[PDB]
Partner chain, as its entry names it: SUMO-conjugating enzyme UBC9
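Take a look at this single chain in structure tokens; it is the form solved without its partner chain.
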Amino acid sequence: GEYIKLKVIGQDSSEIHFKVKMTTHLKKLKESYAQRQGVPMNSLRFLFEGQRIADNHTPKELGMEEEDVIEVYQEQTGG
């Protein structure tokens, strides 16, 4: 086990998929996605099973598997 594909679901139901190592910090995925949407990374919250993905979280830590989904929500007002 090395790489898995994660599906990132955009706010408009578009998707971008990322191949990541099980030990890669998910900051890299968050930054890439935000860059590709042209929005500041801190305007977004990235959720796995409804829980907030921190910059330092890894797929291994969060228990992610092949084709698991990450949802992108706008940050909450004041968050």
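Numbering follows the first chain given and starts at 1.
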* **Comparing 44 to 52 with 31 to 39, the one whose average Cα B-factor in the PDB entry is higher** => 31 to 39
* Structure fact -> Binned into thirds over the chain's modelled residues, the C-alpha B-factor of residue 61 lands in the highest
* Lowest, middle or highest third of the chain for the C-alpha temperature factor of residue 12? -> highest
* **residue 20, C-alpha B-factor rank within chain (lowest, middle or highest third)** => middle
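Below, we turn to the form solved in complex with its partner chain, even though it does not appear here.
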* To do: Would you give me the residues of 8 to 24 that have any heavy atom within 4.5 Å of its partner chain in the deposited bound form, in order from first to last?
  => 11, 12
